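Student: Fold the following and give me the result.
(chains A, B, C, D, E, F and G)
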Amino acid sequence: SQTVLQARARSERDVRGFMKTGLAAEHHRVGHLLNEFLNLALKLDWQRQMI
Amino acid sequence: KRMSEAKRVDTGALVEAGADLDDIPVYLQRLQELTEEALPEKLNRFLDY
Amino acid sequence: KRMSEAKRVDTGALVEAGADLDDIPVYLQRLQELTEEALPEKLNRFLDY
Amino acid sequence: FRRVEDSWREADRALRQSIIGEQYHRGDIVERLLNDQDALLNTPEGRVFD
Amino acid sequence: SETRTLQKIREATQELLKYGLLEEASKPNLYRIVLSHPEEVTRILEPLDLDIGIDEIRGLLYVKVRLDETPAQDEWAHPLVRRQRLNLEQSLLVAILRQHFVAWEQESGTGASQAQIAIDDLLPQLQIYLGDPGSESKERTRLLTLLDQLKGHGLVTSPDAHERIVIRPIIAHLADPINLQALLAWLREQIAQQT
Amino acid sequence: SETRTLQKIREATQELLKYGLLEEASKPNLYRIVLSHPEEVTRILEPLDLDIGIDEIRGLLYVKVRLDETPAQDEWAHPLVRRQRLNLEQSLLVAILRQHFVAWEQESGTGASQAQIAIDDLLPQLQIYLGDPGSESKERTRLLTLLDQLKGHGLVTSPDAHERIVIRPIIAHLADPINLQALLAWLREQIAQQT
Amino acid sequence: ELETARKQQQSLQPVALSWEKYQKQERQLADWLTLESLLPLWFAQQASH
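Tutor: Numbers count the residues shown, from 1 in each chain, chains lettered A, B, ... in the order given. Please see the structure below:
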């Protein structure tokens, strides 16, 4: 069962690391930029070498 | 008075604005974000979780 | 704005009073008490210790 | 348990790949966490674990 | 008889060319030497079709390809620049590193150059995009290869005994919101074409 | 502010730095530009402790450390130049090519013709001192690998369609020919000692 | 984080409430001022006739 708790804590890690976003202006801008870019990133076919 | 009171509990958002009428719109934007996020409603659920 | 700023750093002498013109006398009482008895005595205590 | 573990691993991976979403705001994320964990716990293997 | 540039200026400029960047927080005397004669160093670089940038608040001086008349095709074609072009895996790690860097900068403003992170934090991120080859050691090696490439590009310190690395401030000017938006437009075009 | 340096001269300088070399037999344009404008290029290189020598007879130009001989230490270390020490195989190969080049220059004078040698003559002379690596295929593989690495160092060209290389005239300006002669003495002693 | 968000929203809400209470008065005063920019000319017309 430890692995279950490990997955749970692992997800909570990236919930915590994400809720702290009371940022200043420029940081807020680049945060939107990066988030949009990452959401774009998923769509690609990473498994492909040539991609 | 209320505006200053709010800044007393700000964290990294309202500091970038004045404390009088000309900056009220920023406070209203932040209040909109807080209300729409509805974070305070989860409290009881998340304590139990 | 100034008096509200002061209440932020208060530690049990201004919270018992409002933040309007009628509350200036208590602000003055605290300020004079500080300047005349608190700062000197506490500085002396710190240096002596 | 060989599958309870896998189900929760997949739930965590889904939470990751979804949190990236720009449309998601903080209230969305907390809600999704609670819902995902409760839903996982609701499935049969979830009741086994419970 | 023959005019010679100030010895310290020559030293500082040659080292700065060697390493492509320079931090006050680590080599303060050369940083200040350059800041004493910025016109001189800009003049020195001018024949090379190279240029200089400044970030006083972060204490960083970084070289940048001059673009007054070079082909807009790509500054990477410039003969002197040696390390090859960036690739979108490195760009993904760059994006994650930039996110961590801005999160760090929130904590204490620009602060020091000590943008510390644990390697175990990166692997979960990459696993989502690059997938899971099902061997923790394999993915660790993959991440370390990417980090080595980035350190070759000067964006990250090499690992250390605590499996920690520190993000080089140079990242703030490679992941410049302008560059980010140009890349984002290019990548949106790429996806649109992918259909 | 400052007037842009002549474009052609900037191109010549940057290309020259890409190879530490210029040759009229290959690139008459930049060769001529630098030849007619030596003061400009030298002044451009002054800040980095760089300078160029020439051999118009050989049709060659090359880069060098402008630092005055033994300025403060006997042997020099420079930020933008890394002094690689060739492994014994490469040292032997460069020694044989140097002796062949000087012999050719005796045959035809100075710079009259670029020296040459075929794989046919090469392989026996290398196996004279190195022996059989394990096969003829491996022999040629190693030979071409060293040839390519030397070409990377600018000493040689790759074999043509007839498997004949050209020894670059740059060979005439190596750093420590005395060390090469000493290693050649050791090699010519070992060839007789081991047989 | 949830608790602080709750505090922030419970502070900002009164600010927006009072801001509405004040904007109401502002708009009530706008046209009331507009009365002053018209009364003399009205009474001038009436004096004429």
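Student: switch to C-alpha atoms for all contacts and neighbour counts from now on
Tutor: Fine.
Student: Would you confirm that residue E:90 contacts residue E:150?
Tutor: Yes. The pair residue E:90 / residue E:150 is scored as a contact, 6.9 Å apart, by CA atoms under 8 Å.
Student: Any idea which residue of chain A lies closest to chain E?
Tutor: Of all residues in chain A, the one sitting closest to chain E is residue A:46 (5.4 Å; CA to the nearest CA).
Student: and that residue, what is it in contact with?
Tutor: E:129, E:130, E:131 (CA atoms under 8 Å, 6 or more residues apart in numbering or on different chains).
Student: Let me know the secondary structure of the residue of chain D found nearest chain E.
Tutor: Closest residue of chain D to chain E, CA to the nearest CA: residue D:17 (6.4 Å). Using DSSP: H, G, I helix; E, B strand; the rest coil, the structure places residue D:17 in helix.
Student: Name the nearest residue to it, ignoring sequence neighbours.
Tutor: residue E:128 (6.4 Å; CA to CA, 6 or more residues apart in numbering or on different chains).
Student: what's the answer for residue A:42, then?
Tutor: residue E:129 (6.0 Å).
Student: Counting neighbours, what do you get for that neighbour?
Tutor: 19 (other CA atoms under 10 Å in any protein chain shown).
Student: again with the one 5 residues further on
Tutor: Using other CA under 10 Å, residue E:134 is surrounded by 9 other residues.
Student: which bits of chain D sit near chain C?
Tutor: Applying CA under 8 Å from any CA of the partner chain, one finds that chain D does not approach chain C at all.
Student: all helices for chain D, in order.
Tutor: Here chain D has its helices, by DSSP state H, at D:4-19, D:26-42, D:44-49.
Student: just these: most buried one?
Tutor: Mean neighbour count, computed with mean count of other CA atoms under 10 Å in any protein chain shown, is highest for helix D:4-19 among the helices of chain D, reaching a mean of 18.
Student: Now do that one: which elements does it pack against?
Tutor: Judged by 3 or more CA pairs under 8 Å, 6 or more residues apart in numbering or on different chains; DSSP states H and E, helix D:4-19 is in contact with helix A:2-19, helix D:26-42, helix D:44-49, helix E:119-130.
Student: Within the helices and strands, which one has residue E:64?
Tutor: Taking DSSP states H and E as the definition, residue E:64 sits inside strand E:60-65.
Student: and the next helix or strand along the chain from that strand, anywhere near chain D?
Tutor: Counting by DSSP H and E, the element after strand E:60-65 in chain order, helix or strand, is helix E:88-108. No. Helix E:88-108 lies out of reach of chain D by CA under 8 Å from any CA, never closer than 11.5 Å.
Student: check whether helix E:88-108 contacts chain A.
Tutor: Yes. Among the residues of helix E:88-108, E:92, E:95, E:99, E:102, E:106 lie within reach of chain A under CA under 8 Å from any CA.
Student: out of those, who's nearest residue E:84?
Tutor: The closest of the residues of helix E:88-108 next to chain A to residue E:84 turns out to be residue E:92 (CA to CA; 16.8 Å).
Student: hang on, the earlier thing: wait, what's in contact with the residue nearest to residue A:42?
Tutor: Counted by CA under 8 Å, 6+ apart, residue E:129 has contacts A:41, A:42, A:46.
Student: So which of those are in helices?
Tutor: A:41, A:42.
Student: Could you list which residues are in contact with residue E:99?
Tutor: Each residue near residue E:99 by CA under 8 Å, 6+ apart is listed here: A:31, A:34.
Student: do you know how far it is from residue E:172?
Tutor: Residue E:99 sits 10 Å away from residue E:172, going by CA to CA, to the nearest Å.
Student: cool, residue E:152 as well?
Tutor: Between residue E:152 and residue E:172 the computed distance is 17 Å (CA to CA).
Student: Give the buried residues for stretch E:153-160.
Tutor: For stretch E:153-160, a neighbour-count test (16 or more other CA atoms under 10 Å in any protein chain shown) marks E:153, E:154, E:155, E:156, E:157, E:158, E:159 as buried.
Student: Double-check that residue E:52 belongs to a strand.
Tutor: Yes. According to three-state DSSP, residue E:52 belongs to a strand.
Student: Number of residues surrounding it?
Tutor: Residue E:52, neighbours per other CA under 10 Å, totals 19.
Student: beta partners for it?
Tutor: residue E:63 (DSSP bridges).
Student: Confirm for me that it is in contact with residue E:63.
Tutor: Yes. Contact criterion CA under 8 Å: residue E:52 and residue E:63 qualify, at 4.6 Å.
Student: got the residues of chain A near chain G?
Tutor: Counting by CA under 8 Å from any CA, chain A sits next to chain G at residue A:19.
Student: Contacts only, for the residue of chain A found nearest chain C.
Tutor: Closest residue of chain A to chain C, CA to the nearest CA: residue A:22 (21.7 Å). Neighbouring residues of residue A:22 by CA under 8 Å, 6+ apart: B:11, B:12, B:13.
Student: who touches the residue of chain D found nearest chain F in this structure?
Tutor: Of all residues in chain D, residue D:20 sits closest to chain F, with a separation of 43.5 Å (CA to the nearest CA). Residue D:20 makes contacts with A:35, A:38, A:39, as judged by CA under 8 Å, 6+ apart.
Student: Do I have it right that the first one meets residue D:22?
Tutor: Yes. The pair residue A:35 and residue D:22 passes the contact test of CA under 8 Å, sitting 5.7 Å apart.
Student: how close does residue E:125 sit to chain F?
Tutor: Distance, residue E:125 to chain F, using CA to the nearest CA, to the nearest Å: 38 Å.
Student: which non-adjacent residue is nearest that residue?
Tutor: Nearest in space to residue E:125, with sequence neighbours left out and distances taken as CA to CA, 6+ apart, is residue E:96 at 7.7 Å.
Student: How about the residues of chain A by chain D?
Tutor: Applying CA under 8 Å from any CA, we find that chain A lies next to chain D at A:1, A:3-4, A:7-8, A:10-11, A:14-15, A:18-19, A:32, A:35-36, A:38-39.
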